[PDB]
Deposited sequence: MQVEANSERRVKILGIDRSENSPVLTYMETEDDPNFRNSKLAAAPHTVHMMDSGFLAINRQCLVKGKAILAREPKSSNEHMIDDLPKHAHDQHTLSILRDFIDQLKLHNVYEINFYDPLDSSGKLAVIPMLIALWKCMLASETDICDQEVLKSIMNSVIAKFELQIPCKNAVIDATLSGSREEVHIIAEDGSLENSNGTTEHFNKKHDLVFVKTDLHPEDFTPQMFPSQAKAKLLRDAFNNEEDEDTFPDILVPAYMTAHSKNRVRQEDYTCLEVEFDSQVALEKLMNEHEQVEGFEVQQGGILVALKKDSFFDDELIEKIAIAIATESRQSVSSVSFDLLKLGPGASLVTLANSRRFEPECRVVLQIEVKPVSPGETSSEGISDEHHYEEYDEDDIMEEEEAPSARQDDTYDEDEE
């Protein structure tokens, strides 16, 4: 048999923007639901830019790009940045620093990096492109580097507008309201040390799923709505289909996460719904349940118990609705909500 032991429970709350505050800009990271809707959350890439020479750059290679947080193929990331910078047609030489460019899965998120950089430059010098030109440039960079970012248009819109009002659903408007969902649920990204941080997204957006997601969000407003047609329920229905998909072979970790969450959902009223993804599990809990240590431990134990390979850690990130990309100032620095997380250290050992 196997014995699952909790070797640590470490909760944290931090306000990263206060630490880094030349111009500073932020662009929110996103998470997706039913492969067709995107939510900007309270995690963001920050870009600090300082003009070091008031003259025309010899080329985009002249700018100093600081310690880019280490990640897989970070040299490719530099190439992408150099190309984007080239298209911005800068008239000064800059020193640029990037902070927190990794998303919830720990994967580099190119879109918020480029948008934060754009916002930084927009406030640094004149003659910087508008939003429409920005989208054209971003599409060019994505195509040139063959980046695999499903529903890039919705991701870009979510990054520019944020989700304190809407969830960005693929065009058919097509968006749904987030107010009521937020009042009733805690959105949590759960990940084990076995979930990959490097992967090619395998998503299956569709107009059918887009409509379901939109209606679910809009139905959160009616207190009388049957739970089986609310967001958590549709996330779960989508998750069940994802692991039974004919044109998708799910990861072992996705399969095991599905079994664990299905059990948890049926046993705990606080676990309302979820959807497994390649980088982790997006879970909907009753409001404030994220702060219930007993529940968190039970979720971690269930996941560790079902995973066929021994898990050593399970992280839980509480995701609040995030604002749209913007320049950061002393005046607006508190528009950012602290980021809450809890990580459990685990030991799953074969025993007599």
Numbered from 1 on the deposited sequence, the unmodelled stretches are 1 to 7, 29 to 38, 190 to 194, 375 to 417
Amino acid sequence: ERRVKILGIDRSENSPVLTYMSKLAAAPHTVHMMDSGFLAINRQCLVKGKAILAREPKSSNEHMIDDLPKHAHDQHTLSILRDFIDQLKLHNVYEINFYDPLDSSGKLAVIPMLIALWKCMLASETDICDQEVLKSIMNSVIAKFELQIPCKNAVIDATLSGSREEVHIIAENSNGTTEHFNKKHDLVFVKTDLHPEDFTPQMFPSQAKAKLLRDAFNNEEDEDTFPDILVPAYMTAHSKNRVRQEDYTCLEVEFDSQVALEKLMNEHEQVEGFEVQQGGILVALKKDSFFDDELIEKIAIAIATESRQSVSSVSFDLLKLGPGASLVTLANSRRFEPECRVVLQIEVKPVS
From here on, numbers count along this sequence of modelled residues.
If you take the mean CA temperature factor per stretch, which one wins between 53 to 61 and 315 to 323? 53 to 61
Stretch with higher mean Cα temperature factor, 112 to 120 vs 275 to 283, is 112 to 120
Please work out which residue in 215, 224, 103, 193 has the highest C-alpha B-factor recorded for this crystal structure. 224
Tell me, please, which of 209, 76, 185, 168 has the highest C-alpha B factor according to the deposited entry? 76
Ranked by Cα temperature factor within the chain, is residue 252 in the lowest third, the middle third or the highest third? middle
Mind checking which third residue 17 falls in for C-alpha B-factor across the chain? middle
Relative C-alpha B-factor of residue 164, binned into the chain's lowest, middle or highest third: middle
Could you place residue 270 in the lowest, middle or highest third of its chain by Cα temperature factor, using the values in the record? middle
Using the B-factor values recorded in the entry, state whether the Cα atom of residue 128 falls in the lowest, middle or highest third among the modelled residues of its chain. highest
